[PDB]
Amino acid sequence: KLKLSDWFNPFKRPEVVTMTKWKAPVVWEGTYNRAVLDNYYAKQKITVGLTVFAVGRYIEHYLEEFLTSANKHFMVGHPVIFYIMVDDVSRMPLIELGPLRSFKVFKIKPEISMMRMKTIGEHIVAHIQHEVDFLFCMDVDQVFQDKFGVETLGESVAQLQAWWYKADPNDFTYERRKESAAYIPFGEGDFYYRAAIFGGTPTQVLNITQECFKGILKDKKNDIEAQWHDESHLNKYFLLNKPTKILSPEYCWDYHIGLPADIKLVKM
């Protein structure tokens, strides 16, 4: 019986959001008790999955930085399977993994980013749902800078792009054309999440992906194409299906200093 008060204490970061209306916590540095959490999840023997996609140019410029740092910082102290989806199984490096880590590489027709939603679901059903309790999907052009632990585990986990204080939903770059499924009306929405990271339990992540791919399809099948590809649909999704856990910007930062705990370099 894990109480939100066993590992989380919102009063540790007053200047930021730590609780969303639907009572879901917003994880920022110093608000989580990872030691408590490691004790907890260890008694259940959980395994965390991470699916990264690298195609063409990305494999040479990023796949390795990802895996290397993911190995040193991702869910350390827990079994973790790394799911590598690439278009060319030979350009992909094989770094040495540490205790409790393993990978599984798959070849994918480099037929786009939106089409990734489909493959991700296909595998959750095919095998991921059986091998891990939670799953995180990330952009390859990222680098972990510090421990990204179980304090990020959740049923439905979303990444905040940024934050301020009451932000006016009108200035979020949601999809505004009503002909799109990613459509979010002005003066509405809670936060603007990054597609660069998002996770949850295989079942939940299958709904996230299955839901987006369908929406992406509709717009594909209507000549329209949502503003920020995946990010549009994904932000439309956490609007209808409020995530159960939100990670602060300190878990997918664009720049490089402060306490990032993971950085999005996105093509240098």
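We number the residues from 1 along the sequence you see.
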Legend entry - Continuity check for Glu111 and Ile112, given as deposited residues lacking coordinates between them: 4 to 9
Legend entry - 115-123 or 147-155, whichever carries the higher mean Cα B-factor: 115-123
Inset, instruction - Would you tell me which stretch averages the higher CA B-factor in the PDB entry, 182-190 or 158-166? - result: 158-166
Inset, instruction - Determine which member of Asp141, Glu175, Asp171, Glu131 has the highest CA B-factor, using the values in the deposited entry. - result: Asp171
Legend entry - Deposited CA B-factor, highest of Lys43, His233, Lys242, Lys214: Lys43
Inset, instruction - Among all modelled residues of this chain, ranked by Cα B factor, put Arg91 in the bottom, middle or top third, i.e. lowest, middle or highest. - result: highest
Inset, instruction - Compare the C-alpha B factor of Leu63 with those of the other modelled residues in its chain, then answer lowest, middle or highest third. - result: middle
Inset, instruction - Could you look up the Cα B-factor of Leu259 in the entry and say which third of the chain it sits in: lowest, middle or highest? - result: highest
Inset, instruction - Would you mind checking where the Cα B-factor of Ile208 ranks among the modelled residues of its chain, as the lowest, middle or highest third? - result: lowest
Legend entry - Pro202 - Cα temperature factor, lowest/middle/highest third of chain: lowest
